[PDB]
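One structure is given here, and the rest of the page talks about it.
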Amino acid sequence: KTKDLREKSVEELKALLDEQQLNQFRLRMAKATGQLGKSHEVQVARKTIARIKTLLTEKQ
Amino acid sequence: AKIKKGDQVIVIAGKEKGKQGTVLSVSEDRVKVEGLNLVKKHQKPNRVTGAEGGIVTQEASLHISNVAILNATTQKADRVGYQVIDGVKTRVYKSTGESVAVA
Amino acid sequence: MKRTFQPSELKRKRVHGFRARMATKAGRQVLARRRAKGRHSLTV
Amino acid sequence: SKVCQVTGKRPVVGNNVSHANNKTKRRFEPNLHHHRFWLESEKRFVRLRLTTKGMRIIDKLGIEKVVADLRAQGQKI
Amino acid sequence: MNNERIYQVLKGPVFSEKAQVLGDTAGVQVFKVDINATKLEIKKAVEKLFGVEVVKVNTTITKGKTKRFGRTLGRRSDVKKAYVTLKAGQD
RNA sequence: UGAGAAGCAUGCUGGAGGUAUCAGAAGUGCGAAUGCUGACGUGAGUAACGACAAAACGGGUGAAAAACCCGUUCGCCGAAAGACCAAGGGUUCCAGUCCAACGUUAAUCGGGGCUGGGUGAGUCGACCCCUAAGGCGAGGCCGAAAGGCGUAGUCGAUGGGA
RNA sequence: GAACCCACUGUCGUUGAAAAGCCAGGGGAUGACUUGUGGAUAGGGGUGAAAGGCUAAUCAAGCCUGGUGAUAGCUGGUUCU
RNA sequence: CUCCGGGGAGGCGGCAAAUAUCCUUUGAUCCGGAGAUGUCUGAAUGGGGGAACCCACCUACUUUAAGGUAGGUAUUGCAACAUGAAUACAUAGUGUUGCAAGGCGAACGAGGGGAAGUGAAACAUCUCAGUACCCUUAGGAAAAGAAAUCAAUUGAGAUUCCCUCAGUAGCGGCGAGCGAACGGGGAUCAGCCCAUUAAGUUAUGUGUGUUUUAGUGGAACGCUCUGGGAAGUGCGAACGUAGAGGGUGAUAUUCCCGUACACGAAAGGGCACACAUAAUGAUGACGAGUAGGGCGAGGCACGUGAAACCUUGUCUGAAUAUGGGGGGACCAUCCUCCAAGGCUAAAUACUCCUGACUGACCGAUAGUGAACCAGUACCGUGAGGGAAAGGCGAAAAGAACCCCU
Ligand SMILES: NCCC[C@H](N)CC(=O)NCCC[C@H](N)CC(=O)NCCC[C@H](N)CC(=O)N[C@@H]1[C@H](O)[C@@H](OC(N)=O)[C@@H](CO)O[C@H]1NC1=N[C@@H]2C(=O)NC[C@@H](O)[C@H]2N1
């Protein structure tokens, strides 16, 4: 996924960061309510946010 | 001198010495071979999940130094070497130099 | 009967506390000795 | 502290020695005191804490030379 | 306020008899929130992420327990709870 | 078996090391030091079970009830043996469940073990503004060094301020 | 004369309920009074209506760590044949 | 988390199993190198404070409400600039910007202060001892160092360290004790400058060499007996530039990991040499309040002694190369050196650390206080004091099921 994020530009990356953070909140809420059986998506989103931040500081 | 998850091996030491089978897993210095070195586990019944217990038979791991790959041509124990054929490293039989047969 | 220890957190901190030890060179030597000995707790 | 600005003299340690040769620690102190000197090149009085040997050196070399020398060593006169 | 803090403020719901009764009868939602969250922060977060109207927010902090698990003494973290009163009939 | 410190053989237990001869080096031999550490005896199933306000019975649960629960009686405190706040303590608070250890007895009970809950403020308190005793203290004065004192200031409630 | 602050007599207790108490009596109780909170004085120093009293259950020189394995013409002990 | 390199069948750290979701030959986990992020306290530095907390100000951008993002705001010293009293010029004072410092940490170095127990069979001179301790402050070492030095056939030739001289000469309530030098043998060797200013040292840049931080290949054993298990018994083979070591169900050169040996680097670091540019050496140009003297002390093996020589608290005070210092009171003669200005590597001292190797060192009351969740539990207001506690089995195969309770 790192390559896919890398071809994108700064504006698209900053938008993707907001979408991923909102998705992280939704996933946390679902897990807390107990309606989330598959649990690896929280780790995937948590790593995706870090990758986006790394690429952002690399490009700036 | 590697032993991999799909090899055909023969046991050279222990109570199973002289028998052969397919290795099921390699972890650290221990190897499990299907159908060999069986132990009887007295499994207690599980209150939460049901699945009442009983006496079950399952494989137990042997030390990696207690098995050797089986040479298919000669049906004897053998050691493993490495040769760089073309550009790739390949395991070979030390007795005859032929490439190890993938199972 | 009245015994010797009459607890008070403010007095404890003002007499034996971290800043009280830092205020003098002898207190800093006390902290150095306790760090060298490897105490899990430096001060009260 | 008791340091002469001109010579750098300071109290030193020694012994009182009695007739029975008992030895006790003591200090020798400089003949220190304050004195105002007229600096003509600056039209003002400069107050120094110095010894009588400092006054003798000032008599020998002139106040201007001594003041310039002390300034050259980082003394704020 | 930024969306980062907005998405970080709320941690999860509270499931207990008191929380259930408050939700059933009084139109009050009980949340676990970040230990450093303020009442205004919680109000804004709830309003943005659930599209409701908040009347007032009440917060409380419960200190963590210290228990002897096995041979070692451990301590749980402090938990801050937020009582959020909704307007009229919402949620 | 030898004069002795000791040696040799072998039954049982034990389950992986031991070591002739001749030389070489010593943390080389314990009963005492009111010796040091751990374990265990005698006293002895002896003294004692912590305010002489006081208990009795019916039913319940339970393996087991003088001590727990419910009920009917009796008694004690009532300027504290009742109800609160500060200090101090820190989950001892509430519910379910368990009884090995803790409770000077037993315990189904508990401030005990385990699991889950519980502390909602513009008006209460703290924080905040203000200062006392006192502390620290830019420059400064003094002192072998460390440092002592102190000006402008800055802190400091046990007091003033919705 | 109660609260509060003391501590004159006696029995009990003395491996105590308590490393200074209980009980029955006793003294002061608007004053040189009692008391909370927060401060100051540090060891040949402090403080003392003065007993060498008190200075964290320790006082004719507090406690801790170093000099230090102080010195002891003294006492004890010193291991197989 | 990203990039580069290595590696090639498994993995999601340990106590600590088990389960679920999963990841991975489109290269996972893991190893090495380089980057990104890096909350709060603590020199803590925006102010304060009972450490991990309370309260702020200014500027720019952004939001519409009671905010967000980024930056700046400590003190002291130095420099530049501006401003500026008594007081006329000035000066003190004040402000801004830039640069630097503070704190921690083993031992060794240098410097400022400096005991007593003890011994003398008592004790004061003396000893202990410039030791313990307190304080300031460097470097990889530091300090010292190129003769106003020794020697005494007129010879040696800077400093530092070791052996000897020698427990000698001496000092000493001539007690207890303290204790040299000359000369000789070694280690290491090196000199260069004071105003157009030297050797050297430190930074930076480039080049060459070397080393270091992952890794790859790596020989050769069968049968038989005892046995739960063979590496052990018996018989016969093979390798050796590899018979170091560890593991494997008992004791293995040939089962496994390795070992000898042969290779290996995208990238980064250390050291050596050479060149180039800065700086520094270097406010110093042959040394006057100096040498010497009186008084009081200190250091010299040397305690006032016949006491030379060095340092100076106090009072004084030259000559200045036809000059001056020393040769242990002092004089003469001879010999020797040139103070009152500097820089300088090696031989020497040490171990908080990193890697490799070793032990007639210990083996759980031993060895670190600590083999184990130890400076912990526990004790104390505090400084501080300070334990006990290792072993199922080769493999959990850790005892399904029945019975008493
Ligand atoms: N005919 C009569 C029949 C009667 C009938 N049957 C009924 C009856 O009457 N039955 C009686 C039952 C007997 C008894 N009650 C049962 C019992 O007691 N169970 C105890 C069960 C829990 C037990 N406490 C767990 C435990 O201690 N774990 C230890 C422990 O973590 C730790 O040890 C230390 N040092 O602390 C560690 C050391 O590294 O080892 C662990 N363990 C390990 N095992 C592993 C291994 O082997 N290899 C690999 C690694 O996994 C190893 N670690």
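Residue names in the structure tokens use chain letters A, B, ... in the order shown, residue numbers from 1 in each chain, and ligand numbers from 1 in the order shown.
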Counting only C-alpha atoms (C1' of nucleotides), chain C residues within 12 Å of chain G, as a PyMOL selection string: chain C and resi 1-6+8+10-11+14+30+33
Just-selected residues, C-alpha atoms written as a PDB file, in the first residue's frame:
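Okay, this is what ended up in part.pdb:
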```
ATOM      1  CA  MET C   1      -0.304   8.282  74.500  1.00  0.00           C
ATOM      2  CA  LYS C   2       0.941  10.628  71.778  1.00  0.00           C
ATOM      3  CA  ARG C   3       3.644   8.979  69.683  1.00  0.00           C
ATOM      4  CA  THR C   4       6.428  10.578  67.674  1.00  0.00           C
ATOM      5  CA  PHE C   5       5.036  10.298  64.127  1.00  0.00           C
ATOM      6  CA  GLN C   6       2.219  12.794  63.448  1.00  0.00           C
ATOM      7  CA  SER C   8       1.383  15.779  57.471  1.00  0.00           C
ATOM      8  CA  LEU C  10       2.762  19.313  53.279  1.00  0.00           C
ATOM      9  CA  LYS C  11       5.424  19.220  55.999  1.00  0.00           C
ATOM     10  CA  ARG C  14       8.586  20.722  52.288  1.00  0.00           C
ATOM     11  CA  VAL C  30      22.070  12.790  48.669  1.00  0.00           C
ATOM     12  CA  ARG C  33      24.202   8.707  46.282  1.00  0.00           C
TER      13      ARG C  33
END
```
Using only C-alpha atoms (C1' of nucleotides), determine which residues lie at most 12 Å from region 19-25 of chain D, disregarding the query and same-chain residues fewer than 2 positions distant; provide the list as a PyMOL selection string. (chain D and resi 12-17+27-28) or (chain H and resi 113-114+124-126+173+297-298+303-304)
Looking only at the backbone, which of the residues in chain B does DSSP tag as strand (DSSP E or B), as a ChimeraX atom specification? /B:8-11,20-27,30-33,38-43,46,50,54-59,62-63,67-71,76-78,80-85,88-93,99
Those residues with C-alpha atoms, as an mmCIF file, in the first residue's frame please?
```cif
data_model
loop_
_atom_site.group_PDB
_atom_site.id
_atom_site.type_symbol
_atom_site.label_atom_id
_atom_site.label_comp_id
_atom_site.auth_asym_id
_atom_site.auth_seq_id
_atom_site.Cartn_x
_atom_site.Cartn_y
_atom_site.Cartn_z
ATOM 1 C CA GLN B 8 10.732 -37.042 3.337
ATOM 2 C CA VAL B 9 12.941 -38.068 6.254
ATOM 3 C CA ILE B 10 14.036 -41.197 8.108
ATOM 4 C CA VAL B 11 14.579 -41.331 11.870
ATOM 5 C CA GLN B 20 10.205 -42.766 7.774
ATOM 6 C CA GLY B 21 7.538 -40.187 7.065
ATOM 7 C CA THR B 22 6.773 -36.645 6.018
ATOM 8 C CA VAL B 23 7.790 -33.773 8.288
ATOM 9 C CA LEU B 24 4.867 -31.618 9.415
ATOM 10 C CA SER B 25 6.643 -28.608 10.941
ATOM 11 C CA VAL B 26 10.099 -27.324 11.840
ATOM 12 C CA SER B 27 10.403 -24.995 14.829
ATOM 13 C CA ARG B 30 12.581 -29.733 16.805
ATOM 14 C CA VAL B 31 10.668 -31.447 14.001
ATOM 15 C CA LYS B 32 7.328 -33.267 13.872
ATOM 16 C CA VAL B 33 6.917 -36.228 11.508
ATOM 17 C CA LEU B 38 2.924 -40.574 19.144
ATOM 18 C CA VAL B 39 1.882 -39.667 22.682
ATOM 19 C CA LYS B 40 -1.425 -40.140 24.482
ATOM 20 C CA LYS B 41 -2.899 -36.905 25.803
ATOM 21 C CA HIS B 42 -5.528 -37.138 28.544
ATOM 22 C CA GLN B 43 -7.604 -34.135 27.499
ATOM 23 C CA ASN B 46 -13.955 -28.092 28.379
ATOM 24 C CA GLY B 50 -18.260 -28.466 25.611
ATOM 25 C CA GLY B 54 -10.730 -38.169 26.233
ATOM 26 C CA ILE B 55 -7.520 -39.969 25.417
ATOM 27 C CA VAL B 56 -6.180 -38.701 22.089
ATOM 28 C CA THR B 57 -3.098 -39.675 20.097
ATOM 29 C CA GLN B 58 -0.871 -36.957 18.685
ATOM 30 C CA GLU B 59 2.641 -36.514 17.337
ATOM 31 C CA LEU B 62 11.926 -35.000 17.954
ATOM 32 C CA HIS B 63 15.274 -33.249 17.923
ATOM 33 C CA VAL B 67 16.361 -37.346 11.530
ATOM 34 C CA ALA B 68 17.934 -37.316 8.076
ATOM 35 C CA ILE B 69 16.463 -36.757 4.624
ATOM 36 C CA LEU B 70 15.680 -39.939 2.730
ATOM 37 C CA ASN B 71 17.439 -40.415 -0.599
ATOM 38 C CA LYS B 76 19.088 -44.569 2.785
ATOM 39 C CA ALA B 77 19.784 -41.714 5.164
ATOM 40 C CA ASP B 78 21.955 -38.937 3.780
ATOM 41 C CA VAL B 80 22.571 -32.220 2.738
ATOM 42 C CA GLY B 81 24.928 -29.867 0.938
ATOM 43 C CA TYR B 82 24.483 -26.734 -1.147
ATOM 44 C CA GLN B 83 25.494 -26.053 -4.741
ATOM 45 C CA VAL B 84 25.082 -22.893 -6.800
ATOM 46 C CA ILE B 85 23.662 -24.346 -10.021
ATOM 47 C CA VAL B 88 20.190 -20.378 -7.542
ATOM 48 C CA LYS B 89 21.367 -22.217 -4.442
ATOM 49 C CA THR B 90 20.106 -25.808 -4.343
ATOM 50 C CA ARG B 91 20.206 -28.607 -1.787
ATOM 51 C CA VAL B 92 22.006 -31.757 -2.932
ATOM 52 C CA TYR B 93 22.660 -35.240 -1.583
ATOM 53 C CA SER B 99 19.529 -32.306 -6.376
#
```
Run DSSP on the backbone and grab whatever in chain C lands in alpha helix (DSSP H); send it over as a tab-separated table (two decimals) with N, CA and C atoms, in the first residue's frame.
```tsv
chain	number	residue	atom	x	y	z
C	9	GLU	N	1.32	15.73	55.04
C	9	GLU	CA	1.91	15.63	53.71
C	9	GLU	C	2.66	16.89	53.32
C	10	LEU	N	2.10	18.06	53.64
C	10	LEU	CA	2.76	19.31	53.28
C	10	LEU	C	4.11	19.45	53.97
C	11	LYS	N	4.16	19.17	55.28
C	11	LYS	CA	5.42	19.22	56.00
C	11	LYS	C	6.40	18.19	55.46
C	12	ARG	N	5.92	16.98	55.16
C	12	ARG	CA	6.78	15.94	54.61
C	12	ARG	C	7.43	16.39	53.32
C	13	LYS	N	6.64	16.96	52.41
C	13	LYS	CA	7.18	17.39	51.12
C	13	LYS	C	8.11	18.59	51.27
C	14	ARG	N	7.77	19.52	52.16
C	14	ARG	CA	8.59	20.72	52.29
C	14	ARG	C	9.91	20.42	52.98
C	15	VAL	N	9.96	19.38	53.80
C	15	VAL	CA	11.21	19.06	54.48
C	15	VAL	C	12.06	18.11	53.66
C	16	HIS	N	11.47	17.03	53.15
C	16	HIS	CA	12.23	15.95	52.54
C	16	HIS	C	12.01	15.81	51.03
C	18	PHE	N	11.63	16.57	46.74
C	18	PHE	CA	12.58	16.65	45.63
C	18	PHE	C	13.18	18.05	45.50
C	19	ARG	N	12.33	19.08	45.54
C	19	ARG	CA	12.84	20.44	45.39
C	19	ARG	C	13.66	20.86	46.60
C	20	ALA	N	13.28	20.39	47.79
C	20	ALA	CA	14.07	20.66	48.98
C	20	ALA	C	15.46	20.05	48.87
C	21	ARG	N	15.55	18.83	48.35
C	21	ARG	CA	16.86	18.22	48.14
C	21	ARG	C	17.65	18.96	47.06
C	22	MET	N	16.98	19.37	45.99
C	22	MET	CA	17.65	20.09	44.91
C	22	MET	C	18.15	21.46	45.33
C	25	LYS	N	23.49	21.86	47.92
C	25	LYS	CA	24.48	20.96	47.32
C	25	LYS	C	24.56	19.65	48.09
C	26	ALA	N	24.33	19.68	49.40
C	26	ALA	CA	24.30	18.45	50.17
C	26	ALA	C	23.11	17.58	49.79
C	27	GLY	N	21.96	18.20	49.53
C	27	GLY	CA	20.81	17.44	49.06
C	27	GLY	C	21.03	16.85	47.68
C	28	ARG	N	21.71	17.59	46.80
C	28	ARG	CA	22.05	17.04	45.50
C	28	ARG	C	23.02	15.88	45.63
C	29	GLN	N	23.92	15.93	46.62
C	29	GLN	CA	24.78	14.79	46.88
C	29	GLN	C	23.99	13.60	47.41
C	30	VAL	N	22.96	13.86	48.22
C	30	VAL	CA	22.07	12.79	48.67
C	30	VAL	C	21.41	12.11	47.47
C	31	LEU	N	20.90	12.92	46.54
C	31	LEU	CA	20.27	12.36	45.35
C	31	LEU	C	21.27	11.59	44.50
C	32	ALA	N	22.50	12.10	44.40
C	32	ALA	CA	23.54	11.39	43.66
C	32	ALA	C	23.85	10.03	44.29
C	33	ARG	N	23.94	9.98	45.62
C	33	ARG	CA	24.20	8.71	46.28
C	33	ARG	C	23.06	7.73	46.06
C	34	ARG	N	21.82	8.20	46.13
C	34	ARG	CA	20.70	7.27	45.95
C	34	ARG	C	20.59	6.80	44.51
C	35	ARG	N	20.90	7.67	43.54
C	35	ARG	CA	20.94	7.23	42.15
C	35	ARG	C	22.06	6.21	41.93
C	36	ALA	N	23.22	6.43	42.54
C	36	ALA	CA	24.32	5.49	42.40
C	36	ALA	C	23.99	4.14	43.03
C	37	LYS	N	23.30	4.14	44.17
C	37	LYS	CA	22.86	2.89	44.77
C	37	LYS	C	21.71	2.25	44.00
```
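Distance check against ligand 1 using only C-alpha atoms and all ligand atoms: of B:44, B:51, B:64, B:100, the minimum falls on B:44.
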Once you count only C-alpha atoms (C1' of nucleotides) and all ligand atoms, which residues end up within 8 Å of ligand 1, and could you hand them over as a PyMOL selection string? chain H and resi 15-17+392-393+396+398-399
Might you pull out every residue within 8 Å of region 28-41 of chain A, with only C-alpha atoms (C1' of nucleotides) counted and same-chain residues fewer than 6 positions away left off, and present them as a PyMOL selection string? (chain E and resi 11-13) or (chain H and resi 21-22)
Could you write those residues out with N, CA and C atoms (P, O5', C5', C4', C3', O3' and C1' of nucleotides), as a PDB file, in the first residue's frame?
```pdb
ATOM      1  N   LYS E  11     -13.932   7.456  23.457  1.00  0.00           N
ATOM      2  CA  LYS E  11     -13.314   6.135  23.472  1.00  0.00           C
ATOM      3  C   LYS E  11     -14.329   5.010  23.301  1.00  0.00           C
ATOM      4  N   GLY E  12     -15.462   5.082  23.994  1.00  0.00           N
ATOM      5  CA  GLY E  12     -16.473   4.056  23.880  1.00  0.00           C
ATOM      6  C   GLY E  12     -17.629   4.238  24.842  1.00  0.00           C
ATOM      7  N   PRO E  13     -18.679   3.443  24.667  1.00  0.00           N
ATOM      8  CA  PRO E  13     -19.843   3.534  25.551  1.00  0.00           C
ATOM      9  C   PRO E  13     -19.594   2.820  26.873  1.00  0.00           C
TER      10      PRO E  13
ATOM     11  P     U H  21     -10.880 -17.111  13.217  1.00  0.00           P
ATOM     12  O5'   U H  21     -10.290 -15.673  12.868  1.00  0.00           O
ATOM     13  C5'   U H  21     -11.087 -14.504  12.990  1.00  0.00           C
ATOM     14  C4'   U H  21     -10.232 -13.262  13.054  1.00  0.00           C
ATOM     15  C3'   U H  21      -9.330 -13.024  11.854  1.00  0.00           C
ATOM     16  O3'   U H  21     -10.007 -12.374  10.792  1.00  0.00           O
ATOM     17  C1'   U H  21      -8.073 -12.794  13.845  1.00  0.00           C
ATOM     18  P     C H  22      -9.925 -12.952   9.297  1.00  0.00           P
ATOM     19  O5'   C H  22      -8.518 -12.434   8.762  1.00  0.00           O
ATOM     20  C5'   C H  22      -7.362 -13.250   8.846  1.00  0.00           C
ATOM     21  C4'   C H  22      -6.180 -12.483   9.380  1.00  0.00           C
ATOM     22  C3'   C H  22      -4.951 -12.461   8.486  1.00  0.00           C
ATOM     23  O3'   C H  22      -5.028 -11.460   7.487  1.00  0.00           O
ATOM     24  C1'   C H  22      -4.313 -13.031  10.689  1.00  0.00           C
TER      25        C H  22
END
```
Skipping near chain neighbours, those fewer than 6 positions away, what residues fall within 12 Å of residue 8 (chain D) using only C-alpha atoms (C1' of nucleotides), listed as a tab-separated table (two decimals) with C-alpha atoms, in the first residue's frame?
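Just written: around.tsv:
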```
chain	number	residue	atom	x	y	z
D	1	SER	CA	36.97	38.40	49.42
D	2	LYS	CA	40.36	39.63	50.66
D	30	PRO	CA	47.35	41.09	53.52
D	32	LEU	CA	44.36	45.44	52.46
D	49	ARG	CA	40.87	47.58	47.23
D	50	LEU	CA	44.61	47.06	47.40
D	51	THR	CA	47.64	46.63	49.63
D	53	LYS	CA	52.68	47.10	48.12
D	54	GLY	CA	50.01	47.92	45.56
D	70	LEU	CA	44.20	45.72	35.30
D	73	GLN	CA	43.15	41.26	32.71
D	75	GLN	CA	38.91	43.78	35.78
```
Which residues, written as a count of residues only, have at least one atom at most 12 Å from residue 106 (chain F), with only C-alpha atoms (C1' of nucleotides) counted and residues fewer than 6 positions away on the same chain left out? 5
Tell me the residues of chain H close to chain C, meaning within 8 Å using only C-alpha atoms (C1' of nucleotides), as a VMD selection string. chain H and resid 50 to 51 375 381 to 383
Export N, CA and C atoms (P, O5', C5', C4', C3', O3' and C1' of nucleotides) of the chosen residues as a PDB file, in the first residue's frame?
```
ATOM      1  P     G H  50       7.667  24.459  46.708  1.00  0.00           P
ATOM      2  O5'   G H  50       7.212  22.936  46.749  1.00  0.00           O
ATOM      3  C5'   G H  50       7.747  22.037  47.709  1.00  0.00           C
ATOM      4  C4'   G H  50       7.115  20.671  47.608  1.00  0.00           C
ATOM      5  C3'   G H  50       6.827  20.181  46.191  1.00  0.00           C
ATOM      6  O3'   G H  50       7.046  18.774  46.126  1.00  0.00           O
ATOM      7  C1'   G H  50       4.823  20.219  47.440  1.00  0.00           C
ATOM      8  P     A H  51       8.444  18.196  45.592  1.00  0.00           P
ATOM      9  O5'   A H  51       8.416  18.493  44.028  1.00  0.00           O
ATOM     10  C5'   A H  51       7.395  17.947  43.208  1.00  0.00           C
ATOM     11  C4'   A H  51       7.764  17.975  41.746  1.00  0.00           C
ATOM     12  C3'   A H  51       6.921  17.078  40.856  1.00  0.00           C
ATOM     13  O3'   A H  51       5.758  17.752  40.419  1.00  0.00           O
ATOM     14  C1'   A H  51       9.232  16.759  40.384  1.00  0.00           C
ATOM     15  P     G H 375      18.134  -3.959  41.365  1.00  0.00           P
ATOM     16  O5'   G H 375      19.031  -2.857  42.083  1.00  0.00           O
ATOM     17  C5'   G H 375      18.448  -1.784  42.812  1.00  0.00           C
ATOM     18  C4'   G H 375      17.930  -2.223  44.159  1.00  0.00           C
ATOM     19  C3'   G H 375      17.369  -1.105  45.039  1.00  0.00           C
ATOM     20  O3'   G H 375      16.318  -1.648  45.832  1.00  0.00           O
ATOM     21  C1'   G H 375      19.092  -2.188  46.185  1.00  0.00           C
ATOM     22  P     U H 381       9.647   6.618  61.777  1.00  0.00           P
ATOM     23  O5'   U H 381       9.929   7.657  60.605  1.00  0.00           O
ATOM     24  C5'   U H 381       8.865   8.281  59.901  1.00  0.00           C
ATOM     25  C4'   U H 381       9.309   9.577  59.272  1.00  0.00           C
ATOM     26  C3'   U H 381      10.549   9.499  58.393  1.00  0.00           C
ATOM     27  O3'   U H 381      10.228   9.142  57.060  1.00  0.00           O
ATOM     28  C1'   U H 381      10.730  11.328  59.899  1.00  0.00           C
ATOM     29  P     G H 382      11.217   8.235  56.183  1.00  0.00           P
ATOM     30  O5'   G H 382      12.530   9.120  56.019  1.00  0.00           O
ATOM     31  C5'   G H 382      12.526  10.327  55.270  1.00  0.00           C
ATOM     32  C4'   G H 382      13.806  11.091  55.481  1.00  0.00           C
ATOM     33  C3'   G H 382      15.080  10.311  55.193  1.00  0.00           C
ATOM     34  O3'   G H 382      15.439  10.403  53.827  1.00  0.00           O
ATOM     35  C1'   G H 382      15.242  11.364  57.315  1.00  0.00           C
ATOM     36  P     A H 383      16.153   9.186  53.070  1.00  0.00           P
ATOM     37  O5'   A H 383      17.702   9.414  53.348  1.00  0.00           O
ATOM     38  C5'   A H 383      18.357  10.591  52.904  1.00  0.00           C
ATOM     39  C4'   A H 383      19.633  10.832  53.668  1.00  0.00           C
ATOM     40  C3'   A H 383      20.599   9.661  53.739  1.00  0.00           C
ATOM     41  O3'   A H 383      21.411   9.542  52.584  1.00  0.00           O
ATOM     42  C1'   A H 383      20.326  10.593  55.895  1.00  0.00           C
TER      43        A H 383
END
```
If we count only C-alpha atoms (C1' of nucleotides) and set the cut-off at 12 Å, which residues sit around residue 63 (chain D), ignoring sequence neighbours fewer than 2 positions away in its own chain? Please answer as a list in words. residues 6, 36, 37, 38, 39, 40, 41, 42, 45, 46, 47, 48, 54, 55, 56, 57, 58, 59, 60, 61, 65, 66, 67, 68, 69 and 70 of chain D
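In this model, the gap between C1' of residue 131 (chain H) and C1' of residue 349 (chain H) comes to 19.6 Å.
Minimum distance to chain H across E:15, E:25, E:70, E:31 (counting only C-alpha atoms (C1' of nucleotides)) occurs at E:70.
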Could you write out as number ranges by chain the residues of chain H within 7 Å of chain B, counting only C-alpha atoms (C1' of nucleotides)? H: 229, 248-249, 255-256, 397, 400
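For the pair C1' of residue 53 (chain H) and CA of residue 56 (chain E), the interatomic distance is 28.1 Å.
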Polymer residues at most 10 Å from region 71-77 of chain E, only C-alpha atoms (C1' of nucleotides), same-chain spacing of 4 or more positions, as a PDB file with C-alpha atoms (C1' of nucleotides), in the first residue's frame:
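The resulting out.pdb:
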```
ATOM      1  CA  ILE E  35      -8.555  11.550  30.447  1.00  0.00           C
ATOM      2  CA  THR E  62     -12.526   7.141  38.804  1.00  0.00           C
ATOM      3  CA  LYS E  63      -9.045   6.209  39.997  1.00  0.00           C
ATOM      4  CA  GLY E  64      -7.654   2.861  38.914  1.00  0.00           C
ATOM      5  CA  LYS E  65      -7.551  -0.148  41.214  1.00  0.00           C
ATOM      6  CA  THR E  66      -4.378  -1.809  42.500  1.00  0.00           C
ATOM      7  CA  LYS E  67      -4.561  -5.600  42.579  1.00  0.00           C
TER       8      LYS E  67
ATOM      9  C1'   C H 373      10.835  -9.410  38.779  1.00  0.00           C
TER      10        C H 373
END
```
Rank nothing, just name the residue among F:3, F:80, F:51, F:136 nearest to residue 23 (chain G), using only C-alpha atoms (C1' of nucleotides). F:51
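Across the model, the gap from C1' of residue 215 (chain H) to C1' of residue 24 (chain H) is 22.8 Å.
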Counting only C-alpha atoms (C1' of nucleotides), collect the residues of chain F whose closest atom lies at most 12 Å from chain C, and write them out as a ChimeraX atom specification. /F:87-89,135-136,146-147,156
Taking C-alpha atoms (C1' of nucleotides) for each residue, export the selection above as a PDB file, in the first residue's frame.
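Below is the file that was written, part-v1.pdb:
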```pdb
ATOM      1  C1'   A F  87      -6.102  15.934  59.010  1.00  0.00           C
ATOM      2  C1'   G F  88      -4.521  10.990  57.869  1.00  0.00           C
ATOM      3  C1'   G F  89      -5.649   6.489  55.048  1.00  0.00           C
ATOM      4  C1'   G F 135      11.583  31.301  52.704  1.00  0.00           C
ATOM      5  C1'   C F 136      14.096  32.426  48.131  1.00  0.00           C
ATOM      6  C1'   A F 146      31.737  25.664  49.351  1.00  0.00           C
ATOM      7  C1'   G F 147      29.075  29.809  50.899  1.00  0.00           C
ATOM      8  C1'   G F 156       4.121  31.464  51.362  1.00  0.00           C
TER       9        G F 156
END
```
